[PDB]
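Undergrad: In order, the protein sequence lines correspond to chains S and F. Note that the first sequence covers residues 112 to 602, 613 to 940, 948 to 999 in UniProt numbering. Note that the second sequence covers residues 112 to 602, 613 to 940, 948 to 999 in UniProt numbering. Heads up, the beta-carbon is just placed ideally off N, CA and C, and yes, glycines get one too.
Protein chains: 2
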Amino acid sequence: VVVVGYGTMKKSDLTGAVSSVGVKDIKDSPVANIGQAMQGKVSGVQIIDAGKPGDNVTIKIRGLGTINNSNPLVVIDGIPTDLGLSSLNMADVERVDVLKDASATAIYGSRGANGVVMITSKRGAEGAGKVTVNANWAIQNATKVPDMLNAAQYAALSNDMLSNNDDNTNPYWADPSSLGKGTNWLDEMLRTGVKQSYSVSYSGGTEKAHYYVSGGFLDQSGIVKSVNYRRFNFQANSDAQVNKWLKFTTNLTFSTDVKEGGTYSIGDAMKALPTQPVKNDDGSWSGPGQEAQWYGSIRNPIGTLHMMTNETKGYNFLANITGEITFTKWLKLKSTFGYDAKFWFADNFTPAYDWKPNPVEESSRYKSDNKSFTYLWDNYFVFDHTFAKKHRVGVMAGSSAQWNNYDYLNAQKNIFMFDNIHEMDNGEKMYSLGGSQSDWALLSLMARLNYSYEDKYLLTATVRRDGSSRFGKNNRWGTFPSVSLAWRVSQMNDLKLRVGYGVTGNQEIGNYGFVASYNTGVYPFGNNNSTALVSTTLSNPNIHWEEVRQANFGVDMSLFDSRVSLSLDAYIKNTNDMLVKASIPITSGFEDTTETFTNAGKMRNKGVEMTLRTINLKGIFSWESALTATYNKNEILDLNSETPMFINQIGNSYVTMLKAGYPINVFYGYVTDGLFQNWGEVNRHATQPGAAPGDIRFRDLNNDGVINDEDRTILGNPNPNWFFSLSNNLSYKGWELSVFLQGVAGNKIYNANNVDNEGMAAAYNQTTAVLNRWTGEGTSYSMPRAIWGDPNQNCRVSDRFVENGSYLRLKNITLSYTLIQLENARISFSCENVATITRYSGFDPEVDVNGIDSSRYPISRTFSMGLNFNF
Amino acid sequence: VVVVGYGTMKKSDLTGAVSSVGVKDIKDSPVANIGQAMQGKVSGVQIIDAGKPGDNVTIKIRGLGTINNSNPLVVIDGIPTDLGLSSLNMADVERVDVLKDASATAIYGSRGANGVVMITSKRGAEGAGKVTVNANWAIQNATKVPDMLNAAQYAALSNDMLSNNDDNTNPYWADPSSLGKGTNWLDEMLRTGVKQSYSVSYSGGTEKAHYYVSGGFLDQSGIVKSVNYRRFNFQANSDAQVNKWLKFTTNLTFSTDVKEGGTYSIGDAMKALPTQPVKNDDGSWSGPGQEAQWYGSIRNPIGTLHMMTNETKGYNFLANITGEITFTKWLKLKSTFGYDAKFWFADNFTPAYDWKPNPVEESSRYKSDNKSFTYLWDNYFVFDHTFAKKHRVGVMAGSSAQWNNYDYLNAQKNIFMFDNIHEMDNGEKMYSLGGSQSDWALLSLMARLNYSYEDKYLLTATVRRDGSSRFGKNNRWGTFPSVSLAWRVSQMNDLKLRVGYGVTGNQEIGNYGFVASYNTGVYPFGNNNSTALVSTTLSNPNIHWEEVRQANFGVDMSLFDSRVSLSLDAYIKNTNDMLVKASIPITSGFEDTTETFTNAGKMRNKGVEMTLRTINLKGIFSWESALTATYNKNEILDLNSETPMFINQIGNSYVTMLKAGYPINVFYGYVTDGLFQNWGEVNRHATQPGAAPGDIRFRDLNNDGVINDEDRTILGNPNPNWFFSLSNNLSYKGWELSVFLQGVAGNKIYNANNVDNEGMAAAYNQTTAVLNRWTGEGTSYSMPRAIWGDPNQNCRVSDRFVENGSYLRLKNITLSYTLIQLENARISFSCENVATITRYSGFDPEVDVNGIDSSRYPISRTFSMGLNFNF
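1. Looking only at its chain, what residues have a beta carbon closer than 6 Å to the beta carbon of F:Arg341, apart from the 5 residues adjacent to it on each side?
2. Give a yes or no on whether the minimum CB-CB distance between F:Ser483 and chain C is below 7 Å.
3. Closer than 7 Å by C-beta to S:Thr658: which residues in its own chain qualify, once you throw out the five before and the five after it? Chain order, please.
4. Check distances from the C-beta atoms of the segment 346 to 358 of chain S to those of chain F and list, in chain order, the residues that come in under 8 Å.
5. Using a Cβ cut-off of 9 Å, pull out every chain F residue sitting near S:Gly238, in sequence order please.
6. What's the C-alpha gap between S:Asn996 and F:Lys540?
7. If I'm right that F:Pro765 touches F:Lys780 with Cβ under 8 Å, what's the distance once you round it to whole angstroms?
8. Rounded to the nearest angstrom, what separates S:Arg587 and S:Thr361 at their Cα positions?
9. Span of the alpha helix (DSSP H) holding F:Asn875?
10. Would you call the CB atoms of F:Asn427 and F:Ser181 closer than 7 Å?
11. Where DSSP assigns a beta bridge to S:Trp396, which residues make up the other side?
12. Could you round the C-beta distance between residue 609 of chain S and S:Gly583 to whole angstroms and report it? I think they count as a contact, below 8 Å.
13. Is the beta carbon of S:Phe591 sitting closer than 7 Å to the one on S:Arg581?
14. Below 8 Å on the Cβ atoms is my contact criterion, and I expect F:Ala558 with F:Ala508 to pass it. Report the Cβ-Cβ distance as a whole number of Å.
15. Got a sec, what are the start and stop residues for the alpha helix (DSSP H) F:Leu194 sits in?
16. What residues are listed by DSSP as bridge partners for F:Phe819?
17. Determine the direct distance from the alpha carbon of F:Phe635 to that of F:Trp666, and round the result to whole angstroms.
18. Kindly examine the ligand SAM and report whether one of its heavy atoms sits closer than 6 Å to the Cβ of S:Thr303.
19. My guess is that S:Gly621 and S:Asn697 are in contact by the Cβ rule of under 8 Å, so how many angstroms apart are they, rounded?
20. Are F:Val787 and F:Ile835 closer than 7 Å when you measure CB to CB?
21. Counting only beta-carbon atoms, is F:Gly970 nearer than 7 Å to chain S?
22. With a CB to CB cut of under 6 Å and the five nearest residues on each side skipped, what residues in its chain are close to S:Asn849?
23. For S:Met300, does the count of other Cβ atoms within 10 angstroms reach 16, so buried, or fall short, so exposed?
24. How far does the alpha helix (DSSP H) with S:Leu273 in it extend, from its first residue to its last?
25. For the segment 750 to 778 of chain F, which residues have a CB atom closer than 7 Å to at least one CB atom of chain S, in sequence order?
26. Of all Cβ atoms in chain F, is any one closer than 7 Å to the Cβ of S:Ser549?
27. Against chain S, does F:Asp536 count as a neighbour if the rule is that its beta carbon must be under 7 Å from one of theirs?
28. With S:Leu748 as the anchor, note down where its beta strand (DSSP E) starts and where it stops.
29. Going by C-alpha distance, which of S:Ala128, S:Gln863 and S:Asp458 is nearest S:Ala750?
30. Taking C-beta to C-beta, are S:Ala217 and S:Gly505 nearer than 7 Å?
31. Step through the CB atoms of chain F and report whether any lies within less than 7 Å of the CB of S:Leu429.
32. Do the CB positions of F:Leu297 and F:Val338 come within less than 7 Å of each other?
33. Mind checking if F:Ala522 is an interface residue toward chain S, Cβ cutoff 7 Å exclusive?
34. Using the DSSP secondary-structure output, state which residues sit across from residue 945 of chain S in a beta bridge.
35. Residues of chain S with CB under 8 Å from F:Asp480, in chain order?
36. Assign F:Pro412 to one of three DSSP states: helix, strand, or coil.
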């Protein structure tokens, strides 16, 4: 069975698009959190990894919905919470269910617009008690590392750059070959990480009672020099039947985590000169020389990493108590109470040290505290009866309530005298101090009806009325109806058609968005000053949710004597009342620069999803496979404006651009043609400031003869079009082998790291791609010359830094064998990210949503061995 | 059965002094916390109430042991914690056991020197499930309120005082009778409190599993105008038998509390003049006039109470997981892990207001955070076998470990502009900021042996080795052996004799007591200054625990066909290695003013305890009774000094005094003889500065003719000698009546409130006892005259302010009757502190340990009605 919110339903009776992940999938994954364990295992959901331990992945369902927060809703044991997925132990997760179509997400009303993720924990089973012990060890190494120049090559490049600009060169760098090799910062900054995990739990069952107690421990070290992560978990579940008409359920969760790490930056490491030794002759940390144009101004990364310490602690508590009263055979009442408390603490300390480029003469300590409490209370009725042995009617109706509180505080001191003893009482000079508070509330009413007719025609209807404090006084309440249909053709072995339609909403618009902002002012009287309030950012009492309408069609098929399955889904999603920039009339007394928003935007998404599974080979050898494909298309309809929006500034210009009729986050820049070879080509070409031979030539889109801002166009679409995956499973006498494939094609990636690593206009270490630069006529046709300051602006926004993002990756290969009194015993060996096929030149093709790569944490490759016991 | 630590034992097999409180006692108590519910119910334990909601009572076992922290040790479900008793729900407490003699407290070693309190929670029972619902409502009112003068009487007193000192009087107070009555501050400051409590729980049982889930809510309002207290509780217990040789136990506890209250003071209320109206004609708060000698300088208490707000929140988490492995039939292994986390938060805010005596022109906010985490891990073996069907041997041995961490932080800001919006971001001026950290650890080894011989001779031996980080490097480890004997004469129906002897220790000496303190200094060089450290309070690497030796004798009897019981206990307790002030030689480079301590003090305590129970009447009427008596004597042997120690300064002099050969905290002051009647008596009496007719005459202890400091002696002993109580219970056809008596006699109380309320030397409101003062020759013989400034120092430390502390109180009278499908239903009516018989003149005879009363929270009288359901 599957969970669809406020109840359970069979898979065969589902009238919407519901996808589930079983225990058999998440059983030997070497990943830490559950988020990385379901990447590519489900259709219609895109998951992007992060890499840093303790972080969470990014989940997007059926493409981007708005230009605002579009993250889905996470529900844990019926409690909608904001807890991160990295804080949940994977060893005690039963199954994960994802709701995509509006026919199933309408039950949540004002929150189920971007999809709902359901997580269910394990429970005890009837019979004798069981004890399960698990362990795992792993090592991690970086996948791909860019190649940088050595001391001699950098010296030659610097000499060429300074000679081309008619500037004095380094007196002792006239013989680059004598310098040698130098120091590699990337090799010293990276190491091999070690990950170990342990878990133990026991469970039992009885016809009237059940119990389950778990607990685990995890320790992980990052691939960089100083990052650590620890996590402790504990969970207890219970279920008792007090009498015939009473029943109780209890779920408790507790977890802690500790995060460490120094001050580091990948960009600074990639820009550190290879001619500088790590340490001086006396052991002190080195630094750049006095001449900025010869040594740069990059502070030593290793010193900052090994001298600065950052720490963070967190504590999380989750509770859930559920009751149930049985009045008659066909009537039940259910009550549920939820609790959730979180705490955060931060601690930073920067010792005072005389750094060569910029010394630090003031040691400081930073601390911060955080709290948050969330409550829930749900009450609803359950009805189920059969009429004339054919008609089945199921009606559920009730209410819900939820509110939250938040607070924080931070401070800082200085001096501290001795570095070893740096408690808060040691310092004397206070630096900063502040805090605030926020809260919100929500109320709702729900009603759902289910109908069946001879197992040949199913009809479901749902209506929900929601009211939140985030909305204005004029749009406090709203209604989100829904309806779906499903019938079977059989009553080619089976066939089923599903049609649905519903309306949902999104309320992630922040808090206190209907209140203007005032700044304190004074008005001089004859001899006294009186404080006055000046209004700014006028109130908007018409702010409400964002409307989303969706239509879905589904087909279910079974072929070859119920051996293979097929699933086809086509959806059209429309977004209305999107928040966009508003227009402020001059007669209103305010200026247009005020940041006021209104519900006027629109967006449209559509695509097709596919799923196919085959189980062909049987007998001694068992072979299974699963093919998943997904297509999506994005389009922006209106933005309530006549001018495009420019965001995501890189360098001194904006990269992305938003315009009606085009996909989101599309690039916008110049187009490169070639390289100048002589003055004759420059003279007869269109005018261009700072033109010289060996520079990049830009095309003239408009026939005006002048290269200017108007010569820009769309470069590429960061949103991919095709998502695909493939899995295989073999089994023969205990031995089993699993191979998983995953890849994404149809997107472009903007490499922002190459802006400074290929510009050759500053004292930054370059990559190996600058060796074949333009040093004369006919020497090269793609790589320009080296010049200090870049008068021609060869590093501007153009198609030079745009690369294909399509890739195919071998995700996981796992081989395990099944073996004092014991019941079960298995040993597993697995690997992650064994190989990758792509044309991208960088750390990893996996980038963020808008396709911009700028000093991201590298993705590692993991080799692990497992172990599993069972008493 | 009873719990004695790391196991259980039958009551009949106990070889030491162990007392227990059953469920039948704590079943209808209207008190909030468990501490107030066991006052006088147990012999050898003294409990003093507090009165303020959310506070904890003071517990002392068999008299004071040291001049330092002598509070006992609290153990909850085998976890030694510092959690207050007010944070525990009384509805789910099974029984409370107290260990007194050293023969039973030696198992805890370095912590069981002042007694151990054991608290056990309820657990599920085999059979069908049960549901229990409880409710209670109550009201509270002050018991006794002192009587103060009115406007006319105060005006007359002020006129007399100013005329006797030859000073100008109030021009418009020449006719006191025209003033009227005035305002009573005590009547306005006090109200009637309301207390309500609810609880609900369910439990079940199975031959292999058990469970128990509880939860409650409590709200209480104090008798003063603005004090509130709320508490939420939740607890879940489980016990499962996975297989034949495995077993697990789990206990979880969670609780929160919120405390409020303004700025108030009983002393200021009792000193406010009755001629000042509460508010002015325009509604603003009133205040004292410009003339200090006519109106005083007492700020308005009502305004401070209603304008200043203080808030405090707390969160507590307690966990306990226990395992057990059975190797053979006569061998078992047990493991236990304990967790404990606490959080505190504070919030204060004082609005700026122009108070008449001292205006406040700066509004400030104060915040504070607290954390504390404690861990435990115990592992020990259990052996039990029978030899030759007669000899029974039980051996237990193992280890233990425990450590703790602590941290805190606080800050403050000012201005805040608007009072309504006072978030931390509003303020601009930082005021203060600080924090610190502390920790400790402990390790131990344990071993206990039990022997039996034909149920006629029992021998028990126990040895424990402890090591803590609080001790010096020279006394890291120690040993605490023990031994006891017991045999039965029968093998007058039964007879049993118990003899025991053991050595325990106390380690409540603080943290980092072996580390000297340094202060930063500078030393001027030729042109620069270098920081230097100056040593102070030299290190003491010889600091260790405090040794206590105790011998106990016990007799158990049964008379009249096992109808009545009797218990006699005699104990002698000696204290060694007590921490006292040390002597610093001049050659050591330090002064005598340094606060250094060493183990040199001694103390001795002894007494007799009695217990008697009768169940005489049977049949339709059931009558039961219990008589408890206790005698104790205290004595101080040595203090490693030749001069008495003076502490507890009141006014401008010290009251208490410590000296060898005398009890602790004994008073020390002058002795009053009478009142001067004429100048002839003054002239022929011993010299006395500021002598005048109508003043108090002090006796001359030494025949020197001069009244000076040497004319002081011991006034009284605050430590009582006799503790007694009596209880009765009736039952007839559901109806039951219970009457409980309790009283303490043999102690003196020093009334520090009368120092300012009877001195008549300042602008303070006086009590009604000043009406019959000395206004002429022969007018009075006890009450002196009224004079401004008190030249004779009539309010000095003497026997004038010493009153008898003996009292007898009617504690509780409870009447309850035993009555839709239901199983049980009862309605209960109860009262608390119905009447009190005493000669003390004050709020209540219940005072602190040293017998000093100074502006304490009044003790209220409670009337309550109960209700109990059972499904």
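TA: Result, derived from the coordinates:
1. Contacts found: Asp330 and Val369.
2. Protein chains S and F are contained in the structure displayed, whereas chain C is not.
3. Non-local C-beta neighbours of S:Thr658 in its own chain, meaning closer than 7 Å and more than five positions away in sequence, comprise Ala637, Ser638, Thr715, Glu716 and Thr717, ordered along the chain.
4. Here the close residues are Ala347, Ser349, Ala351, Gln352, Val353, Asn354 and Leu357.
5. Under the 9 Å cutoff, chain F gives no residues; its nearest Cβ is about 12 Å from S:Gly238.
6. Answer to the nearest angstrom: the Cα atoms are 60 Å apart.
7. About 4 Å; that satisfies the 8 Å criterion.
8. If you draw a straight line from the Cα of S:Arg587 to the Cα of S:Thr361, it comes to about 34 Å.
9. Note, F:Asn875: alpha helix (DSSP H), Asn875 to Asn878.
10. No, the pair does not count as a contact, with Cβ atoms beyond the cut-off.
11. According to DSSP, which records beta bridges pairwise, S:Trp396 is partnered with S:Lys390.
12. The gap in chain S between 602 and 613 takes in residue 609 of chain S, so it carries no coordinates here.
13. Not a contact, by the Cβ cut-off of 7 Å.
14. 4 Å between Cβ atoms; contact.
15. First-last for F:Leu194: undefined, no H or E at that position.
16. In the DSSP assignment, F:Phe819 forms a beta bridge with F:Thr793.
17. Each residue's alpha carbon lies about 13 Å from the other.
18. Of ligands this structure carries none, so the ligand SAM is not represented either.
19. That pair is no contact at about 19 Å.
20. F:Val787 places its beta carbon less than 7 Å from that of F:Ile835.
21. Chain S, which has no Cβ nearer than 7 Å to the Cβ of F:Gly970, makes this no.
22. Excluding residues within five positions, the ones whose Cβ falls inside 6 Å are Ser746 and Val860.
23. So S:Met300 ends up on the buried side.
24. Bounds of the alpha helix (DSSP H) holding S:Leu273 are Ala262 to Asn275.
25. So the list is empty, because no residue satisfies the distance condition.
26. Interface criterion not met: the Cβ of S:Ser549 is under 7 Å from no Cβ in chain F.
27. Chain S contact via Cβ: present.
28. Its beta strand (DSSP E) spans residues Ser743 to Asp759.
29. Comparing Cα positions, the closest option is S:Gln863.
30. Going by C-beta atoms, S:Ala217 is not nearer than 7 Å to S:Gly505.
31. S:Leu429 does not count as touching chain F.
32. Here F:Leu297 is not near F:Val338, since their CB atoms are 7 Å or more apart.
33. Taking 7 Å as the CB threshold, F:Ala522 lines the interface with chain S.
34. No atoms are given for residue 945 of chain S, which sits in the stretch of chain S between 940 and 948 that the model skips.
35. Going along chain S in sequence order, the residues near F:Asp480 (Cβ under 8 Å) are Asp480 and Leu520.
36. Note: F:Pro412 maps to helix in three-state DSSP.
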